[PDB]
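In: piece number one of the complex, untouched:
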Amino acid sequence: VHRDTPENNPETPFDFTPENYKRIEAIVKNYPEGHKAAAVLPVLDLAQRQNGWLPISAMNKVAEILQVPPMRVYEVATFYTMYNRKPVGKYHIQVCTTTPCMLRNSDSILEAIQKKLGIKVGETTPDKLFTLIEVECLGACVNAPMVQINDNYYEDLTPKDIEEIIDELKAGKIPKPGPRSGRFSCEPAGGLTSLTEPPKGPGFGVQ
Amino acid sequence: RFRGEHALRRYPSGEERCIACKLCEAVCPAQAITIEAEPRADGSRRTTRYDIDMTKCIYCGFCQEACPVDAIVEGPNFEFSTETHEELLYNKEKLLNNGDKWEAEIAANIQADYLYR
């Protein structure tokens, strides 16, 4: 990846749905006045949402709304990760690979995708709907080599049932973003019971 | 390790190995050397005037030892002694030939000597 734009969509053009100009009333409402000047983190991302990846005319647009010189935007979109500057697919999938996720062999829930899905890492599927990456520090390491799709996460996975989670998704079916097997909440099991109680008859530190 | 008449080598297919970094000029005790660079057409830099006076040069071995790109080299031939002081001053395009007349002499000395220094 490179962080310079070869004049793709200087005028794409792009604009916000008039249903969205009534929320930006609420966002700025959060902050104090005169310092407002950056709501950019939601406002720039909401724009990703309306589109699904933001071209360079998206980066220039919000400046006209927020009156900041639009190198005080192109910067912020090149720092964080979640934003996607280049185009993407219909599903942008993550394989957590880190010390804990390595110990439970995240490579299991990783490759055997190339033999199933039939594409390399970091490359979108030849059409659209699929691409592949990996990231670090999200959610739980208490689960198996958990996997993220787009807005959800599939905890406690295995090579056997993830064959489905993709393949049932290719059909258009969405299989329950939770730790499908084992314990549903990631329970202690070993003192899970506890018998919840009211707080021991309060009136305690009334003094 | 002998010292004597000067040269300017060039690599295989020739680059005029000198980059005009203005050093063999600035360590020179006698101040013989004179160098004027100016950017060559492509944009790689080279020289224009390079003149070793052959009367002032005191034969140090300070201009063989400061050149990082390893161009300028004291030859081992005592061919000298012409009859007019209008002459011994050298230009650039006297040197190169005088250093392409024998490179079978030079290119086989350094590879004896360069392992010591």
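Out: It's in. Residues are numbered from 1 along each chain as shown, chains lettered A, B, ... in the order given.
In: buried sites along stretch B:17-29?
Out: B:17-21, B:23-25, B:28 (16 or more other Cβ atoms under 10 Å in any protein chain shown). Where C-beta positions appear, they are placed from N, C-alpha and C, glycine not excepted.
In: State the helix or strand in which the closest residue to residue A:144 other than its chain neighbours lies.
Out: Leaving aside its sequence neighbours, residue A:144 sits nearest to residue A:156 (Cβ to Cβ, 6 or more residues apart in numbering or on different chains; 4.3 Å). In the assignment (DSSP states H and E), residue A:156 maps to no helix and no strand.
In: Could you give the separation between the terminal residues of stretch A:117-135?
Out: End-to-end distance for stretch A:117-135: 19 Å, by Cα to Cα, to the nearest Å.
In: next one: it to chain centre, how far?
Out: The gap between where stretch A:117-135 is centred and where its chain is centred comes out at 16 Å by Cα atoms, centre = their mean, to the nearest Å.
In: If we go by neighbour counts, what in that stretch is buried?
Out: Quick answer for stretch A:117-135 (16+ other Cβ under 10 Å): A:117, A:124, A:130-132, A:134.
In: which residues touch that stretch?
Out: The contact list for stretch A:117-135 (Cβ atoms under 8 Å, 6 or more residues apart in numbering or on different chains) reads A:81, A:88-97, A:110, A:113-114, A:148, A:166, A:170.
In: now those residues: which count as buried?
Out: Of those, these count as buried by 16+ other Cβ under 10 Å: A:89, A:91-97, A:110, A:113, A:148, A:166.
In: residues in contact with residue B:33?
Out: Contact partners of residue B:33, counting by Cβ under 8 Å, 6+ apart, are B:24-25, B:50-52, B:63.
In: can you redo those as TSV with distance to residue A:162 and secondary structure?
Out: Below are the contacts of residue B:33 laid out as TSV (distance: Cβ to Cβ, whole Å; DSSP: H, G, I helix; E, B strand; the rest coil):
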residue	distance to residue A:162	secondary structure
B:24	68	coil
B:25	70	coil
B:50	71	strand
B:51	77	coil
B:52	76	coil
B:63	71	coil
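In: and chain C on top of that:
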Amino acid sequence: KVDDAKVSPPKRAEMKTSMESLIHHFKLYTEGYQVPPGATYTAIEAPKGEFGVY
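Out: One more piece, chain C, placed on the ones above:
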């Protein structure tokens, strides 16, 4: 050579790859060492007699 390399140049293997070996070969062939102030004298036995430097 003396080892400490502020007063000695480096070889032609070293000045030609790593970094630190220019800035002490390229400031060592314009200005010199930095040798502290204060006066000396010295002497030797040269074949015909002594030799000074003050």
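In: ok chain C is in now, so what about the buried residues of stretch B:17-29?
Out: Applying a neighbour-count criterion of 16+ other Cβ under 10 Å, one finds B:17-21, B:23-25, B:27-28 buried in stretch B:17-29.
In: Do a quick rundown of the helices in chain C.
Out: Using DSSP state H, the helices of chain C run over C:20-23.
In: Most distant residue from the centre of it?
Out: Residue farthest from the centre of chain C, counting by Cα atoms, centre = their mean, is residue C:48 at 27.9 Å.
In: can you list the residues of chain C near chain B?
Out: By the rule Cβ under 8 Å from any Cβ of the partner chain, the part of chain C lying against chain B is C:9, C:11-12, C:15-16, C:22, C:25-26, C:29-30.
In: let's see 10 Å
Out: With Cβ under 10 Å from any Cβ of the partner chain as the criterion, chain C meets chain B at residues C:1, C:9, C:11-13, C:15-16, C:21-22, C:25-26, C:28-30.
In: Narrow these to those that are buried.
Out: For those, buried by 16+ other Cβ under 10 Å: C:9, C:15, C:21, C:25, C:28-29.
In: can you redo the buried residues of stretch B:17-29 as a markdown table with distance to residue B:86 and secondary structure?
Out: Converted to a markdown table, the buried residues of stretch B:17-29 look like this (distance: Cβ to Cβ, whole Å; three-state DSSP):
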| residue | distance to residue B:86 | secondary structure |
| --- | --- | --- |
| B:17 | 29 | coil |
| B:18 | 25 | coil |
| B:19 | 30 | coil |
| B:20 | 26 | coil |
| B:21 | 30 | coil |
| B:23 | 29 | coil |
| B:24 | 25 | coil |
| B:25 | 23 | coil |
| B:27 | 28 | coil |
| B:28 | 23 | coil |
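In: Go through those and say which is closest to chain C.
Out: Looking at those and their distance to chain C, the nearest is residue B:27, at 5.0 Å (Cβ to the nearest Cβ).
In: how close does the closest one sit to residue B:99?
Out: Distance of residue B:27 to residue B:99, given as Cβ to Cβ, to the nearest Å: 20 Å.
In: Could you do residue A:196 as well?
Out: According to Cβ to Cβ, residue A:196 and residue B:99 sit 95 Å apart.
In: likewise residue A:37?
Out: Residue A:37 is 67 Å from residue B:99, where distance means Cβ to Cβ.
In: could you also fit chain D onto it:
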Amino acid sequence: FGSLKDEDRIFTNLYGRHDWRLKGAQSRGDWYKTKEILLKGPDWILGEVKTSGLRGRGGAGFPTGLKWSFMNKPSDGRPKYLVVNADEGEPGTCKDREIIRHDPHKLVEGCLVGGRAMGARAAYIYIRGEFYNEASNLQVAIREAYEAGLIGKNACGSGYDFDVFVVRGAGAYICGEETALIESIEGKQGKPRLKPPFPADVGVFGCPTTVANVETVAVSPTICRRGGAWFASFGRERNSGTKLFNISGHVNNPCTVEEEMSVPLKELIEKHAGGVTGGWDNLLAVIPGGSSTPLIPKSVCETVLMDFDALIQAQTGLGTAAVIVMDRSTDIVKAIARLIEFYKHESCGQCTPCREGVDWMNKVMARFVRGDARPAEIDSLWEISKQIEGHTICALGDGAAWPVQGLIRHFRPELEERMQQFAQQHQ
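Out: Adding chain D to what we have so far:
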């Protein structure tokens, strides 16, 4: 420490998990006595936590009890806020997001009951947007209560009540420091400031803020609701309380459990539930911290209780409150590089020691593992790690070397023989 435990009863600091997720009257535990607390003078709450004296869950020392009764004693011209990390930076932490997922009703109270001590004005939280689903629901949890009139602007019974404004990040480590979060709450790029401006309670949004953590403001109401004399239960005269551990990477059923201090790792790892790898003969090479502590071998760790200062007795302590271990097949040298390959991607990059100083290691760590050019390097690579300490602004550097600093400690030969394994191979 008493009986060398750390037990778990139904008497704990967390109310419920599988019982009731949605809103209500806080059917039993929560939202119990309020108007009596807030109506009494604010500094009554201040120092009333000292009966516990929570060290804090932010991965460090510095008991939470001091900094709130610390400066922000007075007030002059400019409002005070609350910024409470919800974020997780450390690999394998996972302690967070379980608090929020099934029981949000606690923390909105935790601020309101907590924020009164600060004398603060508004309430910000912060969450890595990488959690889209669970974090999305807090707003409901806010609404499902706040809409009933439980919070703001007088609610309830006082003249002081104020709401909580969620926000989100993207590729953050930013919770990796305070004095970064309060910067990227603003919308700059996030390069954490210098630590002593005016430390984090003077230079702030426009005006003084305090950066708390999750279970530092979560358990405060219930420890001011009852307290005691049970506030100090387990742990020695120094560290006291019961925090959460979340086991990961080899076990029978890695899962959270509430466990009090001074618990030895040899019964704790085996329990909750099993040890499923070899309880022994699996060599039990262990990491006390999540990423912030180096290895321990089979030595006194297993009898070493999890009390903080008990760990400073060993070569490293851990405030992160997480556990990752190993048994046999995992090659540590192979399994520590992808802890370092992580650091290289999460660093700001201002400072000259951090940037350009971590890669010098990360570029060489792929020599050892692969196996490759000769020793005497190890002796240098130690000095590099010894050379980044006071030299970086944030802790990410001070949290950069320890894994490598403490790998060269505790395992000499595993490297020495591998450099041979490729040496003999070359031959």
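In: same question on the contacts of residue B:33, but with chain D included?
Out: B:22-27, B:50-53, B:56-57, B:63, B:72 (Cβ atoms under 10 Å, 6 or more residues apart in numbering or on different chains).
In: was I right about residue A:81 contacting residue D:170?
Out: Yes. Under the criterion of Cβ atoms under 10 Å, residue A:81 makes contact with residue D:170 at 5.8 Å.
In: Find the residues that touch each one of these two.
Out: Joint contacts of residue A:81 and residue D:170 (Cβ under 10 Å, 6+ apart) are residue D:130.
In: Let's verify residue D:418: helix, strand, or coil?
Out: Using DSSP: H, G, I helix; E, B strand; the rest coil, the structure places residue D:418 in helix.
In: Please give the number of neighbouring residues around it.
Out: By the criterion of other Cβ atoms under 10 Å in any protein chain shown, residue D:418 has 17 neighbours.
In: give the contact list for it.
Out: Counted by Cβ under 10 Å, 6+ apart, residue D:418 has contacts D:331, D:333, D:368-372.
In: what do you get for residue B:29?
Out: Counting by Cβ under 10 Å, 6+ apart, residue B:29 touches B:56-58, B:60, B:62-63.
In: Can you pull the residues of chain B lying near chain C?
Out: So chain B meets chain C at B:21-24, B:26-27, B:62, B:65-70, B:114-117 (Cβ under 10 Å from any Cβ).
In: max-length helix in chain B?
Out: As assigned by DSSP H, the longest helix anywhere in chain B is helix B:92-100.
In: now for that helix, which elements pack on it?
Out: The contact analysis (3 or more Cβ pairs under 10 Å, 6 or more residues apart in numbering or on different chains; DSSP states H and E) places helix B:92-100 against strand B:6-8, strand B:47-50, strand B:72-74.
In: need the contact list for the residue nearest the centre of chain C.
Out: Centroid check for chain C by Cα atoms, centre = their mean gives residue C:7 as the closest residue, at 4.1 Å. Residues near residue C:7 by Cβ under 10 Å, 6+ apart: C:1, C:24, C:28, C:32-35.
In: give the contact list for whichever residue of chain B sits closest to chain D.
Out: Closest contact between chain B and chain D, by Cβ to the nearest Cβ, is at residue B:115 (23.4 Å). Residues near residue B:115 by Cβ under 10 Å, 6+ apart: residue C:13.
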